[PDB]
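Participant: Sending over a structure as structure tokens; questions will come in a sec.
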Amino acid sequence: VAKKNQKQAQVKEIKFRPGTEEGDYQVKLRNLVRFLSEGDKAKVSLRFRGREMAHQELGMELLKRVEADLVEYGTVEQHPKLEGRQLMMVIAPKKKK
């Protein structure tokens, strides 16, 4: 049931950045969640700029904490992985197993 249903839906993505302020980190979290709440899929992507080293250890520890922040309103469908020079995570809507 896809690309041929009725209203149909589409997964959304939200980018994040290191050293993000609580304010920006909150609204962003809500957005990502809003996508899950409705019932749609959502994935996060961390982009580094300049010295990725610092963002590497910090960007990693982030997804981990962030993933949990969602574990309460979502679940992990695809463990994070390193791709090229960017990090990406996949969050699934809190529904079924």
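Every chain in the structure tokens takes a letter, A first, then B, and so on in the order presented; its residues are numbered from 1, and the ligands are numbered from 1 following the presented order.
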At a cut-off of 8 Å, using only C-alpha atoms, what residues contact segment 7-15 of chain A? Leave out same-chain residues fewer than 4 positions from it and give the result as a PyMOL selection string.
Facilitator: chain A and resi 2-3+28+32+35+40-47
Participant: Taking N, CA, C and O atoms for each residue, export the selection above as a JSON list (two decimals), in the first residue's frame.
Facilitator:
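Done, and the output landed in out_15.json:
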[["chain", "number", "residue", "atom", "x", "y", "z"],
["A", 2, "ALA", "N", 1.23, 1.70, -1.17],
["A", 2, "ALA", "CA", 2.07, 2.92, -1.26],
["A", 2, "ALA", "C", 2.09, 3.47, -2.68],
["A", 2, "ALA", "O", 1.88, 2.74, -3.63],
["A", 3, "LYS", "N", 2.35, 4.74, -2.80],
["A", 3, "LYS", "CA", 2.39, 5.35, -4.15],
["A", 3, "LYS", "C", 1.15, 5.00, -4.95],
["A", 3, "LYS", "O", 1.07, 5.25, -6.14],
["A", 28, "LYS", "N", 13.36, 22.17, 16.77],
["A", 28, "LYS", "CA", 13.72, 21.12, 15.80],
["A", 28, "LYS", "C", 13.19, 19.77, 16.26],
["A", 28, "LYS", "O", 12.58, 19.05, 15.50],
["A", 32, "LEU", "N", 10.67, 17.21, 14.06],
["A", 32, "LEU", "CA", 10.91, 15.77, 13.81],
["A", 32, "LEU", "C", 9.79, 14.94, 14.41],
["A", 32, "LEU", "O", 9.22, 14.07, 13.77],
["A", 35, "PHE", "N", 6.36, 14.92, 12.86],
["A", 35, "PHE", "CA", 6.27, 13.99, 11.71],
["A", 35, "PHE", "C", 5.93, 12.60, 12.20],
["A", 35, "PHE", "O", 5.14, 11.90, 11.60],
["A", 40, "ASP", "N", 3.87, 9.58, 10.10],
["A", 40, "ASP", "CA", 4.80, 9.52, 8.95],
["A", 40, "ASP", "C", 6.21, 9.17, 9.41],
["A", 40, "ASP", "O", 6.51, 9.20, 10.59],
["A", 41, "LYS", "N", 7.06, 8.83, 8.47],
["A", 41, "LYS", "CA", 8.45, 8.47, 8.84],
["A", 41, "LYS", "C", 9.34, 9.71, 8.87],
["A", 41, "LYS", "O", 9.04, 10.71, 8.25],
["A", 42, "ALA", "N", 10.43, 9.62, 9.59],
["A", 42, "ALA", "CA", 11.34, 10.78, 9.67],
["A", 42, "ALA", "C", 12.78, 10.35, 9.91],
["A", 42, "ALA", "O", 13.03, 9.40, 10.63],
["A", 43, "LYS", "N", 13.69, 11.05, 9.28],
["A", 43, "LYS", "CA", 15.14, 10.71, 9.45],
["A", 43, "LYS", "C", 15.95, 11.96, 9.75],
["A", 43, "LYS", "O", 15.65, 13.03, 9.26],
["A", 44, "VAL", "N", 16.97, 11.81, 10.56],
["A", 44, "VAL", "CA", 17.82, 12.97, 10.92],
["A", 44, "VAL", "C", 19.18, 12.88, 10.26],
["A", 44, "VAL", "O", 19.70, 11.80, 10.06],
["A", 45, "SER", "N", 19.74, 14.02, 9.93],
["A", 45, "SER", "CA", 21.08, 14.03, 9.28],
["A", 45, "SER", "C", 21.97, 15.10, 9.90],
["A", 45, "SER", "O", 21.60, 16.26, 9.96],
["A", 46, "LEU", "N", 23.14, 14.70, 10.33],
["A", 46, "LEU", "CA", 24.08, 15.68, 10.95],
["A", 46, "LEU", "C", 25.17, 16.07, 9.96],
["A", 46, "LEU", "O", 25.91, 15.23, 9.48],
["A", 47, "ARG", "N", 25.24, 17.35, 9.67],
["A", 47, "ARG", "CA", 26.27, 17.84, 8.72],
["A", 47, "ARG", "C", 27.39, 18.59, 9.44],
["A", 47, "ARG", "O", 27.14, 19.49, 10.21]]
Participant: What's around segment 66-69 of chain A at 9 Å? Count only C-alpha atoms, leave out sequence neighbours fewer than 4 positions away in its own chain, and write the answer as a list in words.
Facilitator: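 Within the cut-off, the hits are residues 29, 61, 62, 73, 74, 75, 76, 89 and 91 of chain A.
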Participant: Would you pick out the contacts of residue 64 of chain A at 12 Å or less, using only C-alpha atoms, so that residues sharing its chain but fewer than 6 positions from it are not included, and give the list as a list in words?
Facilitator: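 Once the adjacent positions are removed, what remains is residues 44, 57, 58, 70, 71, 76, 79, 80, 81, 87, 88, 89, 90 and 91 of chain A.
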Participant: Using the selection just defined, write its residues with C-alpha atoms as a PDB file, in the first residue's frame.
Facilitator:
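The new file again.pdb reads:
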ATOM      1  CA  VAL A  44      17.821  12.974  10.924  1.00  0.00           C
ATOM      2  CA  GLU A  57      32.709  12.847  18.714  1.00  0.00           C
ATOM      3  CA  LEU A  58      30.045  15.419  19.494  1.00  0.00           C
ATOM      4  CA  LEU A  70      12.585  10.147  20.646  1.00  0.00           C
ATOM      5  CA  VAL A  71      12.457   6.617  21.987  1.00  0.00           C
ATOM      6  CA  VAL A  76      14.753   3.341  15.835  1.00  0.00           C
ATOM      7  CA  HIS A  79      20.753   2.192  13.519  1.00  0.00           C
ATOM      8  CA  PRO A  80      22.933   5.201  12.666  1.00  0.00           C
ATOM      9  CA  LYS A  81      25.835   4.683  10.292  1.00  0.00           C
ATOM     10  CA  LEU A  87      25.974  11.066   9.671  1.00  0.00           C
ATOM     11  CA  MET A  88      22.366   9.927   9.289  1.00  0.00           C
ATOM     12  CA  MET A  89      19.773   8.348  11.557  1.00  0.00           C
ATOM     13  CA  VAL A  90      16.330   6.914  10.839  1.00  0.00           C
ATOM     14  CA  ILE A  91      13.424   7.286  13.261  1.00  0.00           C
TER      15      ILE A  91
END
Participant: Rank A:26, A:86, A:37, A:56 by their smallest atom-to-atom distance to residue 72 of chain A, using only C-alpha atoms, and report the top residue only.
Facilitator: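 Closest to residue 72 of chain A, using only C-alpha atoms: A:37.
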Participant: If you run DSSP over the backbone, which residues in segment 5-92 of chain A end up alpha helix (DSSP H)? Put them as a VMD selection string.
Facilitator: chain A and resid 22 to 38 52 to 71
